[PDB]
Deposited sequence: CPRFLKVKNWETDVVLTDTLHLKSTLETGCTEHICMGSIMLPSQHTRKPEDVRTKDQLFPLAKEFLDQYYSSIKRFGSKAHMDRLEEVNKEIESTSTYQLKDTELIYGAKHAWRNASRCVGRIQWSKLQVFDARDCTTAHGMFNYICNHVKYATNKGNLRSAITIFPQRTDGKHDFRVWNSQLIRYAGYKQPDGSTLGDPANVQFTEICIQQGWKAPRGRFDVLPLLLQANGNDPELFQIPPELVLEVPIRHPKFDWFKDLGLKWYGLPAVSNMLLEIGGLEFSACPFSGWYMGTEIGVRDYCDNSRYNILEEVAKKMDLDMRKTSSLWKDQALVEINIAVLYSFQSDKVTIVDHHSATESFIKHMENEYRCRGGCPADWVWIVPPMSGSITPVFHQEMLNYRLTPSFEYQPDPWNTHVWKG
């Protein structure tokens, strides 16, 4: 019950005690492992205080003031506030701590070595979608930083009754539209076809290109969501070329610089922040492997291999594998040439191993989801493939939440 994880490439054995503080459930049982399932499918006054207590206990422990005057005072004060308002408000310090630890606890994120260097934007005073748009534009500009990317989160007001939810309807602040074609195929990003529809059904005028930046669909206080166009001068994009193949240009590929997840829910001390867009910088494989080469996304492997004049008759020629490497060389080359921050999968996974070692040494563990941490190409030549990992749920946390169009009383 004091579990060991082994690295099978280096024989390093770490001991995990942090999991004993895990709280929520994994979906697994002693009879069945669900480690590869993508999604293992308002607080009452009594639910809320233990959640608040556990959070404040670890916050005051983290500032070397556990069991202090300020500690017990703050617990008393929040306890009174929950008895009164049936909720409470975080101090700025507690909100910053909670957001940084939500990232620290994200067992699916390989980039967590950066977790303590997060810029937190308190948007809890926001009241309208126009205000949300303003807050989001400032986030995008701050985070983009002319290509020297900086991690950031913007936190809108917390859920109250569940009818007054703040939501960003986009899955990412910056994503490309998807359109169904008259014949049968799909133009642009197939992952966003339904959302691209709801933008049109709400009033958007689509350029119907392959890489049209979608508008924002912002929902304040539970009202109907409103469309806004992010100023193009704030959307940094990178044209994709190859350092060897001059014909790579003509494929006409580009991607955006800023990965900014906007559809998740941030839980801190039992409080639920349904609108909390956060952003970092890309690992190259997210774009070159998944966005570009998933059969259900832009699905370009066919195109690139033809231009490389590869033997596409036999799978055993590994023509897909060859094109895949070249595509991912170009993505990294393109961002690096334009001085936009990006990290390759070798550097990122090497950094995550160092981070695991830090977290085991200074925290007693690091929840990690191997299925998500290992990159989708060249898995076993990255160090994380050989690293045993324990997955468990710690709070503060980022969680998935239903898409709001399946929920909103329009």
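S.K.: Provide the list of deposited-sequence positions lacking C-alpha coordinates, grouped into contiguous ranges.
M.R.: The deposited sequence has unmodelled segments at 1-2, 44-51, 421-422.
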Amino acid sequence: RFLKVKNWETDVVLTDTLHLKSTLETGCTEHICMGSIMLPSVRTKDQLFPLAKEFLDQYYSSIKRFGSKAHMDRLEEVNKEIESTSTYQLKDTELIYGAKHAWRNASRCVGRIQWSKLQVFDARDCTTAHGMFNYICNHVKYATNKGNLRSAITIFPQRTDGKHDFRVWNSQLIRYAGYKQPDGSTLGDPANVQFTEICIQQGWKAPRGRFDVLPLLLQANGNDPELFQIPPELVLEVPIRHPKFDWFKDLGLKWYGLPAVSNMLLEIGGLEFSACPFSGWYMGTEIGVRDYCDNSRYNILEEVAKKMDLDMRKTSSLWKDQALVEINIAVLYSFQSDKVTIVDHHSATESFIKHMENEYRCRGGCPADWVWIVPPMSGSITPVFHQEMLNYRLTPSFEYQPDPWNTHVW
From here on, numbers count along this sequence of modelled residues.
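Rigid core here is just the name for the largest C-alpha set that superposes within 1.5 Å across the two forms.
S.K.: Would you mind working out which of 72-80 and 177-185 sits farther from this form in 5 other deposited structures of this protein by RMS C-alpha distance, with the rigid core as the fit?
M.R.: After superposing on the rigid core, the more displaced stretch in 5 other deposited structures of this protein is 177-185.
S.K.: Would you mind working out which of 205-213 and 162-170 sits farther from this form in 5 other deposited structures of this protein by RMS C-alpha distance, with the rigid core as the fit?
M.R.: If we average over structures and residues in 5 other deposited structures of this protein, the farther stretch is 162-170.
S.K.: Please confirm whether residue 382, modelled here, goes without coordinates in at least one third of the other compared entries that cover both its neighbours.
M.R.: No; none of the other entries leave residue 382 out.
S.K.: Please confirm whether residue 41, modelled here, goes without coordinates in at least one third of the other compared entries that cover both its neighbours.
M.R.: Across the compared entries, residue 41 is left out in at least a third.
S.K.: Looking at the deposited entry, does 209-217 or 117-125 carry the larger mean Cα B-factor?
M.R.: Comparing 209-217 with 117-125, the higher mean C-alpha B-factor belongs to 209-217.
S.K.: Using the B-factors recorded in the PDB entry, average over the C-alpha atoms of 172-180 and of 195-203, then report which stretch comes out higher.
M.R.: Averaging CA B-factors over each stretch, the winner is 195-203.
S.K.: Have a look at 189, 309, 237, 272 and flag the one whose Cα has the highest B-factor in the entry.
M.R.: Out of 189, 309, 237, 272, the record gives the largest C-alpha B-factor to 309.
S.K.: Between 89, 86, 263, 145, where does the Cα B-factor run highest in the record?
M.R.: Spelled out: the listed residue with the top C-alpha B-factor is 86.
S.K.: Taking only the Cα B-factors deposited for this chain, tell me whether residue 12 sits in the lowest, middle or highest third.
M.R.: Its C-alpha B-factor, which the entry lists for residue 12, ranks in the highest third among residues of this chain.
S.K.: Looking at the temperature factor on the CA atom of residue 334, which third of the chain's modelled residues does it land in?
M.R.: Tercile = middle for this residue's CA B-factor.
S.K.: Consider only the C-alpha atoms of the modelled residues in this chain, order them by B-factor as the entry records it, and name the third containing residue 64: lowest, middle or highest.
M.R.: Residue 64: CA B-factor falls in the highest third of its chain.
S.K.: Considering only modelled residues of the same chain, in which third does the CA B-factor of residue 345 rank: lowest, middle or highest?
M.R.: Residue 345: CA B-factor falls in the lowest third of its chain.
S.K.: Compared with the other modelled residues in the chain, in which third is the CA B-factor of residue 19?
M.R.: Tercile = middle for this residue's CA B-factor.
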